[PDB]
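Asker: Please read through the structure below; I'll follow up with questions.
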Protein chains: 2
Amino acid sequence: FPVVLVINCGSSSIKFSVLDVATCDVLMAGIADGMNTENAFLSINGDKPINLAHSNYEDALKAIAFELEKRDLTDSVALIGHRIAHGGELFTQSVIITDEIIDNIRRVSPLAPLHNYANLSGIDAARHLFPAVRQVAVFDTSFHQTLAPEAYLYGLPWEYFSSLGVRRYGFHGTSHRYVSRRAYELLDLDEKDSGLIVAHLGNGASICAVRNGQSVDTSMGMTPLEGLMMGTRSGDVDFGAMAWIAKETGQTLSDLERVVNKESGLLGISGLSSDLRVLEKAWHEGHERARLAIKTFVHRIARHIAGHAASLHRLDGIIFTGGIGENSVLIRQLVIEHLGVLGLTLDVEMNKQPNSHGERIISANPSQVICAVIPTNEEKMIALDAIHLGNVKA
Amino acid sequence: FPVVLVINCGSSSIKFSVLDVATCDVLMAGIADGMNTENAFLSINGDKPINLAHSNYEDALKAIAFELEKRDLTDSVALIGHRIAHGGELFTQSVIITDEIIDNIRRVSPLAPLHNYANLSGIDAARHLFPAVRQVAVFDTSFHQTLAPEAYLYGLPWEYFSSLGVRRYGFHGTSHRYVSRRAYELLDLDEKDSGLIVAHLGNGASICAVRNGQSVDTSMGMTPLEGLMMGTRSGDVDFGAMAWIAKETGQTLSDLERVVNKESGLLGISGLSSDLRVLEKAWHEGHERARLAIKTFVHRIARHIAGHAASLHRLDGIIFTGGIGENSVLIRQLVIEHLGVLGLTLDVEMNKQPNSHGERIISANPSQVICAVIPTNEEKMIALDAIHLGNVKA
Ligand SMILES: Nc1ncnc2c1ncn2[C@@H]1O[C@H](COP(=O)(O)OP(=O)(O)O)[C@@H](O)[C@H]1O
Ligand SMILES: Nc1ncnc2c1ncn2[C@@H]1O[C@H](COP(=O)(O)OP(=O)(O)O)[C@@H](O)[C@H]1O
């Protein structure tokens with residue numbers, strides 16, 4: 001009974017899951033938080049947080065490695081999957097990790113400094129601790145590499161693109177890829193002749209247009225800051241406005257970089273919380289700013305969903321996914337009602353069902369476009385890639 | 001036979017037109033360019049440029065005033081219309097100019113430094129030269145004041161909005177207003193129950209969603225730099241990307257402000273010209289970058305047109321206007337073909353007709369949405385407002 005160890009190293013954390021190769025089910029999950037801090041810990045399934053105080057990425061993973069051995073899981077780990085934030089234009093699909101891949105990942109890392117280097121730290125650690133184990137790299141950007149130039153180019157001088165690599169990349173690639181595959185099943189669509197819009201709505205949020213199985217447009221840009229307004233991220237924002245704000249408050253780009261990434265979006269408008277649940281209750285209790293934050297959030301989602309549909313020859317479905325897309329009854333309803341122009345019809349009773357109902361259709365029959373909620377499973381998608389690559393002769 | 005003198009003062013020019021109150025036809029037009037420069041001139045209808053060397057906004061208008069007197073037009077000027085770039089949240093409609101209006105215009109001027117002060121210079125000059133003449137102010141932003149908060153708010157901290165006035169304003173207001181009024185006629189639509197998308201495509205470009213006669217979404221933002229990619233303007237651009245570019249080339253925001261306003265868009269991508277005509281020929285001749293610039297330009301227009309449609313309850317028509325929208329056969333075709341998802345059907349023979357054919361429908365019957373070209377006439381719209389206001393008792 002082989003298992004797949006899936007890893008995701010962030011700037012200050014290391015999330016992991018152990019999936020059964022046979023059923024792709026989670027057998028164990030955990031997270032080492034407070035990384036590089038004088039006080040780091042490891043909590044597995046909730047079990048009392050261990051003391052990983054003063055430990056680097058490798059020790060943290062060494063601790064996680066011991067927790068797998070203390071549960072006789074070590075010997076059944078046949079594959080390891082690493083989630084990589086940015087793959088530049090070098091990676092269009094998941095790959096078996098070798099020295100060349102590591103080199104390539106370093107090459108594109110300048111494009112995602114705050115994430116890629118942590119991803120690499122994770123790779124080095126895993127390689128040290130599981131030498132005889134095949135390891136795979138899954139890039140959050142690879143699914144969007146099918147985008148045409150007209151869809152990934154910015155209106156900046158050509159030089160910025162050709163010599164600096166400035167262009168739209170998009171993220172949530174693994175989710176958008178996974179969810180759209182699931183959609184062809186659920187909606188009984190022919191992948192080769194289909195038009196889908198996936199709305200990945202989490203604390204990080206993005207839209208993706210999948211035409212005939214391929215991503216043809218996505219909302220995030222060179223960085224995860226473009227597109228939809230999010231939990232603490234601003235989303236699209238007039239550069240002239242950002243420039244004006246700079247001259248008025250005497251702030252630098254790093255100051256504004258912080259504001260737009262940490263103090264904006266839902267948090268910034270509501271001045272209350274980045275958490276939707278908190279905001280939904282706030283609205284219910286009469287909080288005006290919480291209502292404006294949500295309304296704005298919904299307005300921008302509807303706008304991009306419609307905008308992205310322009311890259312499809314035909315619109316067959318709109319799929320909601322992510323923590324927010326899977327659990328927010330109201331947001332889904334508001335977004336959908338904001339898209340009546342596309343002929344969407346919601347089945348409120350179906351939309352009311354909690355996420356325990358899994359992959360489900362929430363639109364009524366008269367609906368011109370099918371609407372559904374499909375829980376995303378990036379760990380499973382990564383494992384499936386690893387399993388496939390596990391049959392290769394490298 | 002009274003006439004209306006219409007003025008538009010830019011940072012370095014003063015465009016003017018004299019329309020007949022009876023037919024709203026242009027009887028004279030001109031432009032004083034090279035303002036504040038050691039060499040300024042005044043060209044009327046093409047007539048040899050006069051020597052306005054070393055002259056401020058008032059002298060330039062004094063020269064224009066003499067050209068109207070030298071043609072016995074002075075005594076028939078019953079109204080003067082001033083085009084104002086930015087009206088903030090203070091102006092929702094055109095107004096008769098008084099001391100209060102001037103004060104108010106100064107209040108919002110910080111929002112458009114490079115345009116509003118020139119507009120005010122024009123007002124002071126005109127007021128000096130035509131004391132007994134009623135004068136009106138028409139704001140490029142007023143038509144978009146009907147936008148809901150969810151549509152004009154940015155995902156920035158609430159403070160930036162409430163204390164600094166940072167929000168979407170939108171421009172091309174007079175064109176969008178004028179063109180949509182014309183559309184209800186041409187398309188035989190009931191203003192009170194209608195959904196239109198107007199694509200104002202000139203060297204400056206923006207989209208506007210008009211629901212039941214009111215603007216409910218527009219593409220430009222606090223400044224004319226947001227939205228569509230334009231002649232030399234970038235249009236939407238990932239702020240994280242702009243930040244990244246800053247740290248890589250060691251440029252400031254003023255440096256980037258310049259790049260995004262002067263060296264980007266069509267010019268930036270093609271590295272050839274900002275002029276569509278030049279680019280269309282370049283493409284025909286095999287120029288790849290010119291083709292990419294146009295394709296990108298078209299892709300972004302289609303995206304925003306679809307995105308803006310989300311603010312409509314029903315999509316009745318898409319109207320093209322502006323120098324590009326009125327004369328570009330190819331761009332209109334490409335944009336429309338990029339919107340097949342909305343069920344649009346183009347009548348190529350109708351779309352081929354030159355702008356001399358005026359207000360015209362270019363979509364075929366099977367089309368779910370009517371498409372048309374409606375030449376814009378901002379001077380006429382301004383005159384109509386002035387004429388209406390000419391009956392007021394101030
Ligand atoms: N029942 C719910 N109703 C509304 N929002 C919810 C609900 N459950 C979770 N959320 C929101 O979803 C967000 C976090 O999503 P995230 O976990 O990052 O997505 P993913 O689960 O795809 O990785 C939070 O804003 C959270 O408050
Ligand atoms: N026949 C044409 N085909 C393609 N583009 C054209 C044509 N005529 C003018 N243009 C373009 O339209 C643009 C300038 O538009 P503009 O004059 O600012 O709009 P408006 O006339 O609404 O004020 C230029 O890029 C120009 O090359």
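Residue numbers start at 1 in each chain; chains themselves are named A, B, ... in the order of the structure tokens; ligands are numbered from 1 in the order shown.
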Which protein, DNA or RNA residues have an atom within 9 Å of ligand 2, counting only C-alpha atoms and all ligand atoms, as JSON, numbers by chain?
Answerer: {"B": [172, 175, 200, 201, 202, 203, 204, 205, 230, 231, 266, 273, 274, 275, 276, 277, 278, 279, 280, 321, 322, 323, 324, 325, 326, 327, 328, 329, 330, 331, 354, 355, 375, 376, 377, 378]}
Asker: So which residues of stretch 173-352 of chain B fall under strand (DSSP E or B) by DSSP, listed as number ranges by chain?
Answerer: B: 195-201, 205-211, 214-218, 317-321, 346
Asker: Produce a file of the selected residues containing N, CA, C and O atoms, as a compact mmCIF listing (two decimals), in the first residue's frame.
Answerer:
# COMPACT_ATOMS: atom_id res chain seq x y z
N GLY B 195 -30.02 47.90 -22.27
CA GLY B 195 -28.67 47.53 -21.86
C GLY B 195 -27.73 47.78 -23.03
O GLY B 195 -27.86 47.17 -24.10
N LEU B 196 -26.79 48.69 -22.84
CA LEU B 196 -25.85 49.00 -23.90
C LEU B 196 -24.41 48.96 -23.42
O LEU B 196 -24.13 49.15 -22.24
N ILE B 197 -23.51 48.70 -24.36
CA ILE B 197 -22.09 48.73 -24.06
C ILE B 197 -21.56 49.65 -25.14
O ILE B 197 -21.80 49.42 -26.32
N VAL B 198 -20.89 50.72 -24.73
CA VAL B 198 -20.32 51.62 -25.71
C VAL B 198 -18.81 51.46 -25.62
O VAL B 198 -18.23 51.42 -24.53
N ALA B 199 -18.18 51.32 -26.77
CA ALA B 199 -16.73 51.17 -26.82
C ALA B 199 -16.19 52.41 -27.48
O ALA B 199 -16.20 52.52 -28.70
N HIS B 200 -15.73 53.35 -26.67
CA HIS B 200 -15.15 54.57 -27.21
C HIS B 200 -13.69 54.23 -27.50
O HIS B 200 -12.89 54.09 -26.57
N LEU B 201 -13.35 54.10 -28.77
CA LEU B 201 -11.99 53.75 -29.16
C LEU B 201 -11.30 54.84 -29.95
O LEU B 201 -11.56 55.01 -31.15
N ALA B 205 -8.88 55.25 -24.89
CA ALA B 205 -9.98 54.31 -25.08
C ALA B 205 -10.63 53.81 -23.79
O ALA B 205 -9.94 53.51 -22.80
N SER B 206 -11.96 53.69 -23.81
CA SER B 206 -12.68 53.22 -22.64
C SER B 206 -14.03 52.59 -23.00
O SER B 206 -14.63 52.92 -24.02
N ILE B 207 -14.48 51.70 -22.13
CA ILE B 207 -15.76 51.02 -22.31
C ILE B 207 -16.73 51.56 -21.24
O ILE B 207 -16.30 51.98 -20.16
N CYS B 208 -18.02 51.52 -21.55
CA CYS B 208 -19.03 51.98 -20.61
C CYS B 208 -20.32 51.18 -20.71
O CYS B 208 -20.86 50.99 -21.80
N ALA B 209 -20.81 50.72 -19.57
CA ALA B 209 -22.05 49.97 -19.53
C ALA B 209 -23.19 50.94 -19.18
O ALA B 209 -23.18 51.56 -18.11
N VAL B 210 -24.16 51.08 -20.07
CA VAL B 210 -25.29 51.97 -19.82
C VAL B 210 -26.55 51.14 -19.63
O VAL B 210 -27.05 50.52 -20.58
N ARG B 211 -27.04 51.10 -18.40
CA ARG B 211 -28.23 50.35 -18.05
C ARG B 211 -29.39 51.34 -17.86
O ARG B 211 -29.31 52.25 -17.03
N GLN B 214 -28.42 54.94 -17.77
CA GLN B 214 -27.38 55.33 -16.80
C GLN B 214 -26.09 54.51 -16.87
O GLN B 214 -26.11 53.29 -17.05
N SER B 215 -24.97 55.20 -16.70
CA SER B 215 -23.68 54.53 -16.69
C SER B 215 -23.59 53.72 -15.40
O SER B 215 -23.77 54.27 -14.31
N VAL B 216 -23.32 52.42 -15.52
CA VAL B 216 -23.21 51.55 -14.35
C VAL B 216 -21.82 50.91 -14.22
O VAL B 216 -21.52 50.26 -13.22
N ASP B 217 -20.97 51.11 -15.22
CA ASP B 217 -19.61 50.59 -15.19
C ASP B 217 -18.84 51.24 -16.33
O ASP B 217 -19.40 51.50 -17.39
N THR B 218 -17.57 51.53 -16.09
CA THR B 218 -16.73 52.15 -17.11
C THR B 218 -15.31 51.62 -16.88
O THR B 218 -14.96 51.24 -15.76
N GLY B 317 -27.36 46.11 -27.10
CA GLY B 317 -26.44 46.52 -28.15
C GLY B 317 -25.02 46.86 -27.74
O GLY B 317 -24.73 47.11 -26.58
N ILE B 318 -24.14 46.83 -28.73
CA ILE B 318 -22.75 47.17 -28.54
C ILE B 318 -22.50 48.24 -29.60
O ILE B 318 -22.70 48.01 -30.79
N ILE B 319 -22.07 49.41 -29.14
CA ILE B 319 -21.84 50.53 -30.03
C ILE B 319 -20.37 50.89 -30.06
O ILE B 319 -19.71 51.01 -29.02
N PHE B 320 -19.85 51.08 -31.27
CA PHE B 320 -18.46 51.45 -31.47
C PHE B 320 -18.41 52.92 -31.84
O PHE B 320 -19.22 53.40 -32.65
N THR B 321 -17.45 53.64 -31.26
CA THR B 321 -17.32 55.06 -31.56
C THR B 321 -15.89 55.53 -31.34
O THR B 321 -15.05 54.79 -30.82
N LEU B 346 -21.83 39.30 -37.23
CA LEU B 346 -21.44 40.46 -38.01
C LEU B 346 -21.89 40.41 -39.47
O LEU B 346 -21.90 39.34 -40.09
Asker: Provide as a PyMOL selection string the residues of chain A at most 6 Å from chain B, counting only C-alpha atoms.
Answerer: chain A and resi 150+155-158+221-223+226+229+234+238+240-241+264-265+268-269+295-296+303-304+306-307+310+313-314+339+341
Asker: Stretch 13-215 of chain A: which residues are helix (DSSP H, G or I) by DSSP, as a VMD selection string?
Answerer: chain A and resid 57 to 69 74 to 76 99 to 111 113 to 129 142 to 146 149 to 152 158 to 162 173 to 186 191 to 193
Asker: So which residues touch residue A:365 within 9 Å, counting only C-alpha atoms, skipping near sequence neighbours fewer than 2 positions away, as a PDB file with N, CA, C and O atoms, in the first residue's frame?
Answerer:
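The new file out.pdb reads:
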ATOM      1  N   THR A 345     -29.550  30.728 -14.446  1.00  0.00           N
ATOM      2  CA  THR A 345     -30.699  30.528 -13.571  1.00  0.00           C
ATOM      3  C   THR A 345     -30.248  29.678 -12.389  1.00  0.00           C
ATOM      4  O   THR A 345     -29.776  28.553 -12.561  1.00  0.00           O
ATOM      5  N   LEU A 346     -30.407  30.213 -11.188  1.00  0.00           N
ATOM      6  CA  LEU A 346     -29.997  29.507  -9.987  1.00  0.00           C
ATOM      7  C   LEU A 346     -31.109  28.671  -9.351  1.00  0.00           C
ATOM      8  O   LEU A 346     -32.276  29.058  -9.358  1.00  0.00           O
ATOM      9  N   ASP A 347     -30.739  27.510  -8.821  1.00  0.00           N
ATOM     10  CA  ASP A 347     -31.684  26.650  -8.119  1.00  0.00           C
ATOM     11  C   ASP A 347     -31.255  26.873  -6.673  1.00  0.00           C
ATOM     12  O   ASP A 347     -30.323  26.234  -6.184  1.00  0.00           O
ATOM     13  N   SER A 363     -27.498  25.128 -10.643  1.00  0.00           N
ATOM     14  CA  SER A 363     -28.336  25.914 -11.537  1.00  0.00           C
ATOM     15  C   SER A 363     -29.586  25.124 -11.893  1.00  0.00           C
ATOM     16  O   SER A 363     -29.579  23.890 -11.867  1.00  0.00           O
ATOM     17  N   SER A 367     -31.671  27.446 -17.116  1.00  0.00           N
ATOM     18  CA  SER A 367     -30.364  28.084 -17.205  1.00  0.00           C
ATOM     19  C   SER A 367     -29.673  27.796 -18.541  1.00  0.00           C
ATOM     20  O   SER A 367     -29.583  26.640 -18.969  1.00  0.00           O
ATOM     21  N   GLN A 368     -29.194  28.850 -19.200  1.00  0.00           N
ATOM     22  CA  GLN A 368     -28.499  28.702 -20.478  1.00  0.00           C
ATOM     23  C   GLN A 368     -27.125  28.095 -20.209  1.00  0.00           C
ATOM     24  O   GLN A 368     -26.578  27.363 -21.031  1.00  0.00           O
ATOM     25  N   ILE A 370     -24.716  25.955 -17.282  1.00  0.00           N
ATOM     26  CA  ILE A 370     -24.754  25.123 -16.088  1.00  0.00           C
ATOM     27  C   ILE A 370     -23.820  25.707 -15.045  1.00  0.00           C
ATOM     28  O   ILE A 370     -22.714  26.119 -15.366  1.00  0.00           O
TER      29      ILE A 370
END
Asker: Give me the residues within 8 Å of residue B:379 as a list in words, counting only C-alpha atoms and dropping any in the same chain fewer than 5 places off.
Answerer: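 Answer for this query is residues 6, 17 and 19 of chain B.
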